[PDB]
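Notes follow the structure.
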Amino acid sequence: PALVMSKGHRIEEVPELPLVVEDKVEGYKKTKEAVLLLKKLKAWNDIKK
Amino acid sequence: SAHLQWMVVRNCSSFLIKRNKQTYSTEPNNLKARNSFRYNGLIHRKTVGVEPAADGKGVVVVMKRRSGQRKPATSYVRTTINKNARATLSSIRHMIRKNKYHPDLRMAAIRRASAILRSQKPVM
Amino acid sequence: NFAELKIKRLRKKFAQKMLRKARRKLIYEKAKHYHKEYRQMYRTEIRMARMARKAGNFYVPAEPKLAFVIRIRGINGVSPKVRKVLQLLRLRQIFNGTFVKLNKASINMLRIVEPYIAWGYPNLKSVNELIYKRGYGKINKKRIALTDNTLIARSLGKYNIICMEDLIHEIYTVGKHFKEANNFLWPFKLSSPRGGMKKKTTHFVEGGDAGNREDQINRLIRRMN
Amino acid sequence: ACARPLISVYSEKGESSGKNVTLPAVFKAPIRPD
Amino acid sequence: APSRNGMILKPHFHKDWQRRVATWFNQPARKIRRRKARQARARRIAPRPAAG
Amino acid sequence: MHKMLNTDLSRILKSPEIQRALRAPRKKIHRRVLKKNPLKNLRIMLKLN
Amino acid sequence: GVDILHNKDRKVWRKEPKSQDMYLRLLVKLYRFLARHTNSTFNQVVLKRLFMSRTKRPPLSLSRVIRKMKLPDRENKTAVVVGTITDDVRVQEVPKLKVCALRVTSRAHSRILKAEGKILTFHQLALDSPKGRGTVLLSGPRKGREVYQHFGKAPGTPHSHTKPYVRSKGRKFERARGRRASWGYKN
Amino acid sequence: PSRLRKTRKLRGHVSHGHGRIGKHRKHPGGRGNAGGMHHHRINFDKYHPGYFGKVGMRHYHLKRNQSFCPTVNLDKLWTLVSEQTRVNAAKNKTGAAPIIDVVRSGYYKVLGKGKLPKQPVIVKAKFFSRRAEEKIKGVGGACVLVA
RNA sequence: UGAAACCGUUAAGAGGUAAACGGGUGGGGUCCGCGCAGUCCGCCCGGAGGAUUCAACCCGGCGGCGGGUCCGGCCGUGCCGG
RNA sequence: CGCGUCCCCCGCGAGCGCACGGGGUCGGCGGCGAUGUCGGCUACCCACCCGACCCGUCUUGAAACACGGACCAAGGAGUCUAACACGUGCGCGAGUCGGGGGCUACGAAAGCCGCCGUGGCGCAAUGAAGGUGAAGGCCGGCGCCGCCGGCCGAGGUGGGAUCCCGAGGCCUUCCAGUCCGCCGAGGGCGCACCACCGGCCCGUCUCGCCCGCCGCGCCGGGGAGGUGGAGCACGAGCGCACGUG
RNA sequence: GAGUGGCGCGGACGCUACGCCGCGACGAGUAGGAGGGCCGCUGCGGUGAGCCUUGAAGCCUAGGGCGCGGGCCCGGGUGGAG
């Protein structure tokens with residue numbers, strides 16, 4: 001995560017660097033589900049950047 | 001490892017800021033704020049960082065914990081010291097020496113902490 | 001325990017001190033010997049010339065062993081044979097100086113770079129002045145000033161030349177290790193002659209300031225040192 | 001190195017469920033910027 | 001005019017070659033149109049083998 | 001395959017195997033010395049002769 | 001104002017590897033320290049060889065490393081290559097060898113580990129043997145390359161067995177005049 | 001890469017690195033391989049000997065497939081089969097020699113450059129050298145021919 | 001948007017070796033230092049004010065190391081078994 | 001400038017201080033201070049002393065009575081493609097490479113095929129050609145066999161970075177001494193590479209003697225000694241990218 | 001070097017290792033060759049949680065400076081969208 005942070009990705013709240021999410025991410029069908037997932041995994045502050 | 005992911009970010013990092021024959025790095029745990037293998041706040045297992053507090057008064061001493069380092073939400077322990085100037089610095093010297101946690105960053109951390117306290121101190 | 005440890009380090013320091021004092025005493029007593037060697041050397045030729053003149057015969061003394069060579073002319077417009085001999089003597093610059101010991105081989109090398117050098121037979125004083133004031137060693141091929149005796153001792157320790165008085169003795173009284181003591185000395189960067197020259201281009205005999213100046217080289221050494 | 005640690009797997013609510021996958025050796029490949 | 005030791009070359013470029021340069025920017029659109037015509041035929045001769 | 005497996009030369013160069021088989025550091029700086037003419041300067045002439 | 005020729009004042013050898021390979025660059029960092037801080041000459045030789053171009057650190061064949069480690073006193077000593085260890089397929093028996101090399105090819109790995117042989121890396125050679133004690137440093141054939149046939153005297157000089165640059169080879173490709181006394185001459 | 005080139009460091013320099021006394025003129029020694037026997041005689045005689053003249057017989061219609069004969073040596077002969085065959089051939093006690101069809105591997109002729117490991121073998125090649133054959137009699141083997 | 005060449009006018013200075021140029025100063029302008037009683041920094045001493053204030057000892061939570069060699073886990077460009 | 005001891009003649013005192021001592025310091029001073037003065041080198045104008053011919057270009061030689069140039073702005077000249085050679089970086093390595101083909105917004109990209117390596121270059125040369133096509137001694141039986149066999153087997157000399165052994169030695173008031181680490185007399189294994197002598201393969205010449213058989217012949221194979229080759233003598237190549245010619 | 005026998009909780013700077021430091025000698029140059037450019041121009045992939053109608057580019061300037069130089073950075077004016 002030293003190399004990723006030096007790219008400028010704002011990931012000081014991601015619980016794990018690999019962020020291997022569940023397999024029902026692929027079953028999603030709305031951008032409201034996709035943003036809410038990124039909010040809960042705390043990767044949203046990269047999208048705000 | 002430290003020397004490996006130094007040779008990647010020594011010239012080609014987001015934080016690197018070259019101008020006027022001067023090279024700094026705007027890293028969240030760099031203290032002395034310069035492009036080095038020592039003071040880089042992202043490379044190492046052990047890292048010390050001194051910030052001004054969330055409010056006006058006090059400082060915040062940031063210690064990177066040994067255990068989980070691919071685990072960035074739990075990697076850093078933040079403590080606040082809102083004491084007098086001597087008792088603020090004495091706490092930092094006792095956090096860095098008496099844990100044997102980067103003894104080469106002891107004097108640089110006390111100089112930075114003193115500068116933060118002198119900054120948040122009114123002008124006549 | 002450490003009482004033992006620092007006691008041992010104190011002993012080893014004191015051992016190093018007494019080794020310094022023993023060497024220092026050797027430098028003092030060798031300088032006192034060389035003084036006595038020089039005075040009896042000086043007296044002898046006055047004695048031998050007197051006893052010769054008393055009988056009514058002549059005393060031809062020893063033809064001198066040591067020469068001091070000064071380059072007087074510069075780098076521009078110079079023959080290739082004159083170039084090679086000048087850089088074999090190490091006179092690669094105008095107003096450079098080296099000692100060369102006289103044999104048959106060196107005199108026939110001197111007389112073919114004759115108009116470019118002003119050379120002669122030096123005095124004990126001149127040899128003292130040159131090696132004390134302009135003395136630099138060729139230590140690691142670097143021109144380093146001979147400020148201490150631990151330069152000469154560390155370089156020329158094998159030939160039993162351990163101080164400046166040893167160096168000056170081996171140069172003056174052309175000894176065994178003249179080669180390794182002369183090649184140790186970096187060529188002497190002398191000043192311009194204070195009072196000027198007579199004439200650079202021509203021989204000493206015909207008014208000028210080139211060629212062999214037998215005992216008169218010491219006067220040129222004063223004005224350039 | 002030859003340390004393949006035990007990477008966790010997160011729910012859709014951003015919390016570590018007990019399910020674990022071993023970090024594949026692709027991530028231990030020699031990182032070459034050149 | 002030859003410089004030193006080096007191979008003795010005969011480039012076949014004495015004619016008006018620049019007029020007859022055939023450039024392959026067609027290629028990925030040529031592959032797509034072939035794959036298109038292929039699937040079209042494979043669907044046309046419907047239960048029969050695609051190769052023929 | 002890696003060209004060196006263990007890339008932590010922090011640990012390697014202070015490890016007892018390597019540190020055992022080294023020679024002591026020469027950490028003292030020797031600046032140039034000003035040449036004092038010992039024919040004028042008595043003590044320097046005493047330091048030599 | 002001194003007569004020196006400055007032609008040969010600069011020395012034209014390598015102080016650093018041209019390569020921006022970081023793993024190679026950390027090995028060079030690691031062996032600059034050992035070249036400086038030991039009276040070992042092995043570490044000075046290995047450091048110097050880490051700088052050299054691929055055409056100067058050639059591939060050592062497995063059969064050369066079998067032969068040069070079966071010699072009389074090379075018993076249970078480490079075979080050190082700075083280049084690469086390529087498999088030789090024409091050799092049948094491979095003894096137990098202890099190999100340290102930058103690259104080793106997939107066939108030569110699987111071959112040397114088939115026996116009791118062990119394959120090191122240079123970070124391991126430093127921890128195992130800092131001064132290079134109990135090592136045999138080997139080089140591959142440096143005039144192996146095709147390029148050297150074309151070098152020396154000019155092809156078409158008397159007693160020059162030098163390979164000339166021809167487009168193709170046949171009967172009408174540089175066989176006629178100065179190659180037979182039938183046609184004009186021959187050297 | 002136009003940045004790394006020599007042109008970019010001749011900007012300012014007058015002749016652009018082609019001299020002042022002799023210019024960069026167009027074709028001052030003729031075009032291509034001209035002047036071969038005249039004013040480029042030394043270059044041709046010195047670096048390209050035997051260039052001019054005729055040698056040998058002309059073969060009008062030449063087909064390269066009739067003269068197709070790829071070679072293998074005894075060095076690399078056991079590599080056309082598995083290591084399994086070589087191991088199990090020594091491991092077997094009946095004296096059974098494994099059969100190496102050389103034309104299956106895509107070589108017609110067997111040449112005899114190599115040392116051979118000591119076990120019996122049959123070689124089904126289209127051609128054979130003398131020393132190639134002798135070495136397989138020496139190891140204690142057969143030379144079956146293929147049409 | 002409004003360049004340069006070139007021209008008009010306003011101000012300053014100068015002017016018989018065509019002008020212009022490099023080096024060294026002197027003289028006068030134009031603005032600038034937002035100049036013009038002049039450095040802050042440690043610790044100690046010498047006086048005087050203030051503040052609810054140290055050292056120690058309870059209760060809690062967090063972190064470091066090594067627990068030389070506890071107990072349980074997971075990994076292995078490790079190896080021996082079924 | 002102690003004796004307790006080693007000859008021929010007569011191993012740790014204690015302080016304090018001055019300094020011609022591995023490159024300058026003062027524990028010395030004195031002025032002047034708000035629209036009239038202090039500093040400001042560079043930069044605007046002027047004066048004075050010294051120096052000072054107008055650039056470009058071809059030339060042995062340019063300030064030239066050599067040519068081009070009245071002045072200003074914008075444009076304006078070693079490029080791209082193919083080929084080759086050598087250096088250099090990267091990947092795989094006796095290999096290597098899908099470039100043509102096929103498969104399943106960015107994307108005409110990227111990914112994949114291996115029973116898509118046809119093929120290219122490489123791993124074998126030499127001859128015009130038909131063709132041929134790359135190491136051996138010894139030990140018995142048949143001071144000898146064409147062979148039956150048997151053991152072992154990719155040369156030698158000289159120089160060679162490193163490596164290896166170690167005659168001895170590296171201390172604290174001694175004497176033995178044990179373990180590691182270290183220096184070194186002398187003596188060995190010798191990398192790459194260079195020079196030399198051997199040898200093997202192809203062409204061709206000289207001299208000579210034996211062997212084989214489904215085909216006894218203008219059949220086929222073999223030996224010794226020189227000699228011609230872009231050769232072998234335990235591989236370095238291929239692909240990509242950059243540089244100069 | 002190592003073993004067995006005879007009170008006070010303290011200690012400047014450092015080490016972009018492609019960095020920092022020490023010592024010695026040297027420095028003309030056309031054609032020509034090489035290196036280093038934190039010299040400059042225009043566009044593409046990344047990146048600066050960059051700058052900008054509280055005024056971008058551009059242009060003018062007896063303003064303040066930096067660099068051996070290529071050049072550059074600030075001040076004032078004009079200008080109006082990058």
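The way I read the labels, and the way they are meant: chains A, B, ... in the order of the structure tokens, residue 1 as the first residue of every chain, and ligand 1 as the first ligand shown, with later ones counted on from there.
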Give me, as JSON lines, each residue of chain D that comes within 12 Å of chain A, together with its shortest interatomic pair and the distance in Å at one decimal, counting only C-alpha atoms, with rows ordered by chain and rising residue number.
```
{"residue": "D:5", "atom": "CA", "partner": "A:18", "partner_atom": "CA", "distance": 11.7}
{"residue": "D:6", "atom": "CA", "partner": "A:18", "partner_atom": "CA", "distance": 11.1}
{"residue": "D:7", "atom": "CA", "partner": "A:18", "partner_atom": "CA", "distance": 7.6}
{"residue": "D:8", "atom": "CA", "partner": "A:20", "partner_atom": "CA", "distance": 7.2}
{"residue": "D:9", "atom": "CA", "partner": "A:20", "partner_atom": "CA", "distance": 5.2}
{"residue": "D:10", "atom": "CA", "partner": "A:21", "partner_atom": "CA", "distance": 4.8}
{"residue": "D:11", "atom": "CA", "partner": "A:22", "partner_atom": "CA", "distance": 5.3}
{"residue": "D:12", "atom": "CA", "partner": "A:37", "partner_atom": "CA", "distance": 6.1}
{"residue": "D:13", "atom": "CA", "partner": "A:40", "partner_atom": "CA", "distance": 5.6}
{"residue": "D:14", "atom": "CA", "partner": "A:41", "partner_atom": "CA", "distance": 4.6}
{"residue": "D:15", "atom": "CA", "partner": "A:41", "partner_atom": "CA", "distance": 8.0}
{"residue": "D:16", "atom": "CA", "partner": "A:15", "partner_atom": "CA", "distance": 8.6}
{"residue": "D:17", "atom": "CA", "partner": "A:22", "partner_atom": "CA", "distance": 9.2}
{"residue": "D:18", "atom": "CA", "partner": "A:22", "partner_atom": "CA", "distance": 11.7}
{"residue": "D:19", "atom": "CA", "partner": "A:22", "partner_atom": "CA", "distance": 9.6}
{"residue": "D:20", "atom": "CA", "partner": "A:20", "partner_atom": "CA", "distance": 9.6}
{"residue": "D:21", "atom": "CA", "partner": "A:20", "partner_atom": "CA", "distance": 8.9}
{"residue": "D:22", "atom": "CA", "partner": "A:20", "partner_atom": "CA", "distance": 11.1}
{"residue": "D:23", "atom": "CA", "partner": "A:18", "partner_atom": "CA", "distance": 8.9}
{"residue": "D:24", "atom": "CA", "partner": "A:18", "partner_atom": "CA", "distance": 11.1}
{"residue": "D:27", "atom": "CA", "partner": "A:18", "partner_atom": "CA", "distance": 10.0}
{"residue": "D:31", "atom": "CA", "partner": "A:3", "partner_atom": "CA", "distance": 10.6}
{"residue": "D:33", "atom": "CA", "partner": "A:3", "partner_atom": "CA", "distance": 11.2}
```
Legend entry - Near-stretch 10-18 of chain G list (9 Å; only C-alpha atoms (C1' of nucleotides); drop same-chain fewer than 6 positions) as a PyMOL selection string: (chain G and resi 24-25+28+48+50-53) or (chain J and resi 88-89)
Inset, instruction - Specify as a list in words all residues of chain E found within 12 Å of chain H, counting only C-alpha atoms. - result: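 Therefore, the residues near the partner are residues 1, 2, 3, 4, 5, 6, 7, 8, 9, 10, 11, 12, 13 and 14 of chain E.
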Legend entry - Residues of chain F in alpha helix (DSSP H), written as a list in words: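 In chain F, DSSP puts these residues in alpha helix (DSSP H): residues 9, 10, 11, 12, 13, 14, 16, 17, 18, 19, 20, 42, 43, 44, 45, 46, 47 and 48 of chain F.
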May I have the residues from that selection written out with N, CA and C atoms, as a compact mmCIF listing (two decimals), in the first residue's frame?
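That gives us out_31.txt:
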```txt
# COMPACT_ATOMS: atom_id res chain seq x y z
N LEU F 9 18.01 -5.37 2.61
CA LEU F 9 19.46 -5.17 2.89
C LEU F 9 19.65 -4.28 4.12
N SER F 10 18.56 -3.75 4.69
CA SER F 10 18.49 -3.20 6.08
C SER F 10 18.94 -4.29 7.06
N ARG F 11 18.26 -5.44 7.04
CA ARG F 11 18.47 -6.61 7.94
C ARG F 11 19.81 -7.27 7.62
N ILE F 12 20.11 -7.45 6.32
CA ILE F 12 21.26 -8.25 5.78
C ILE F 12 22.60 -7.65 6.24
N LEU F 13 22.80 -6.33 6.10
CA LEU F 13 24.12 -5.67 6.30
C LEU F 13 24.46 -5.52 7.79
N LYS F 14 23.48 -5.64 8.70
CA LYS F 14 23.71 -5.59 10.17
C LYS F 14 23.60 -6.99 10.79
N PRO F 16 24.59 -10.77 11.96
CA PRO F 16 25.90 -11.12 12.52
C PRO F 16 26.88 -11.81 11.55
N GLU F 17 26.38 -12.54 10.55
CA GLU F 17 27.20 -13.29 9.56
C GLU F 17 28.09 -12.32 8.78
N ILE F 18 27.50 -11.23 8.28
CA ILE F 18 28.19 -10.20 7.44
C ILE F 18 29.03 -9.29 8.35
N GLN F 19 28.43 -8.75 9.42
CA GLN F 19 29.09 -7.77 10.34
C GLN F 19 30.34 -8.38 10.98
N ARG F 20 30.35 -9.70 11.23
CA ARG F 20 31.52 -10.45 11.76
C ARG F 20 32.72 -10.25 10.83
N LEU F 42 59.56 28.31 14.44
CA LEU F 42 60.53 27.52 15.25
C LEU F 42 59.93 26.15 15.63
N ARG F 43 58.70 26.14 16.13
CA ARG F 43 58.07 24.90 16.67
C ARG F 43 57.93 23.86 15.56
N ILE F 44 57.62 24.30 14.33
CA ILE F 44 57.38 23.33 13.23
C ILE F 44 58.72 22.65 12.91
N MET F 45 59.81 23.42 12.88
CA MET F 45 61.21 22.94 12.72
C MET F 45 61.56 21.96 13.85
N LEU F 46 61.08 22.20 15.07
CA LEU F 46 61.26 21.25 16.21
C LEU F 46 60.42 20.00 15.98
N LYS F 47 59.20 20.13 15.42
CA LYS F 47 58.30 18.98 15.09
C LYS F 47 58.98 18.06 14.07
N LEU F 48 59.82 18.61 13.18
CA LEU F 48 60.56 17.86 12.13
C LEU F 48 61.94 17.44 12.67
```
Inset, instruction - Run DSSP on the backbone and give me the residues of stretch 23-145 of chain G it puts in strand (DSSP E), as an MDAnalysis selection string. - result: chainID G and resid 59:61 78:81 84:86 98:100 103:104 118:120 135:138
Legend entry - Non-local contacts of residue F:33 (10 Å; only C-alpha atoms (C1' of nucleotides); under 6 positions in same chain excluded) as a VMD selection string: (chain C and resid 144 to 147) or (chain J and resid 22 to 23)
Inset, instruction - Compute the chain G side of the contact with chain F at 6 Å, counting only C-alpha atoms, and hand it back as a list in words. - result: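 My answer is residues 37, 38, 102, 121, 123 and 127 of chain G.
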Inset, instruction - Write out as a PyMOL selection string the residues lying within 12 Å of residue K:60, counting only C-alpha atoms (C1' of nucleotides) and excluding same-chain residues fewer than 5 positions away. - result: (chain I and resi 2-3) or (chain K and resi 76-79)
Inset, instruction - Find the residues around stretch 9-18 of chain C up to 7 Å (only C-alpha atoms (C1' of nucleotides) counted), leave out those fewer than 3 positions away in its own chain, and share them as an NGL selection string. - result: (:C and (5-6 or 21-22)) or (:J and (11-12))
Inset, instruction - For residue G:4, list every protein, DNA or RNA residue within 12 Å, evaluated using only C-alpha atoms (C1' of nucleotides), and leave out those in the same chain fewer than 2 positions away; present the list as number ranges by chain. - result: C: 75, 83, 87, 90-93; G: 1-2, 6-9; K: 25-26
Residues of stretch 108-191 of chain J at most 12 Å from stretch 163-180 of chain G: nearest atom pair and distance in Å, only C-alpha atoms (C1' of nucleotides), as JSON lines:
```
{"residue": "J:126", "atom": "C1'", "partner": "G:170", "partner_atom": "CA", "distance": 11.7}
{"residue": "J:127", "atom": "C1'", "partner": "G:171", "partner_atom": "CA", "distance": 10.0}
{"residue": "J:128", "atom": "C1'", "partner": "G:171", "partner_atom": "CA", "distance": 7.6}
{"residue": "J:129", "atom": "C1'", "partner": "G:171", "partner_atom": "CA", "distance": 11.0}
```
Inset, instruction - Could you jot down the atom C1' of residue K:10 to atom CA of residue B:92 separation for me, Å, one decimal place? - result: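 Separation between atom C1' of residue K:10 and atom CA of residue B:92: 13.9 Å.
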Give one line per residue of chain C that approaches chain K to at most 10 Å, naming the two atoms of the closest pair and their distance in Å to one decimal, counting only C-alpha atoms (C1' of nucleotides); sort by chain then ascending residue number and deliver it as JSON lines.
```
{"residue": "C:138", "atom": "CA", "partner": "K:24", "partner_atom": "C1'", "distance": 9.8}
{"residue": "C:139", "atom": "CA", "partner": "K:24", "partner_atom": "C1'", "distance": 9.7}
{"residue": "C:140", "atom": "CA", "partner": "K:24", "partner_atom": "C1'", "distance": 9.1}
{"residue": "C:141", "atom": "CA", "partner": "K:24", "partner_atom": "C1'", "distance": 7.9}
{"residue": "C:142", "atom": "CA", "partner": "K:24", "partner_atom": "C1'", "distance": 4.6}
{"residue": "C:143", "atom": "CA", "partner": "K:24", "partner_atom": "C1'", "distance": 5.9}
{"residue": "C:144", "atom": "CA", "partner": "K:24", "partner_atom": "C1'", "distance": 7.4}
```
Inset, instruction - Up to 9 Å from chain G, what residues of chain D turn up? Count only C-alpha atoms and give them as a list in words. - result: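 Residues of chain D within 9 Å of chain G, counting only C-alpha atoms: residues 30, 32, 33 and 34 of chain D.
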Would you save the residues of that selection, restricted to C-alpha atoms, as an mmCIF file, in the first residue's frame?
```cif
data_model
loop_
_atom_site.group_PDB
_atom_site.id
_atom_site.type_symbol
_atom_site.label_atom_id
_atom_site.label_comp_id
_atom_site.auth_asym_id
_atom_site.auth_seq_id
_atom_site.Cartn_x
_atom_site.Cartn_y
_atom_site.Cartn_z
ATOM 1 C CA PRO D 30 9.206 -9.466 -8.813
ATOM 2 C CA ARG D 32 9.720 -4.305 -12.211
ATOM 3 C CA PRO D 33 9.075 -0.610 -13.103
ATOM 4 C CA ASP D 34 11.670 -0.860 -15.988
#
```
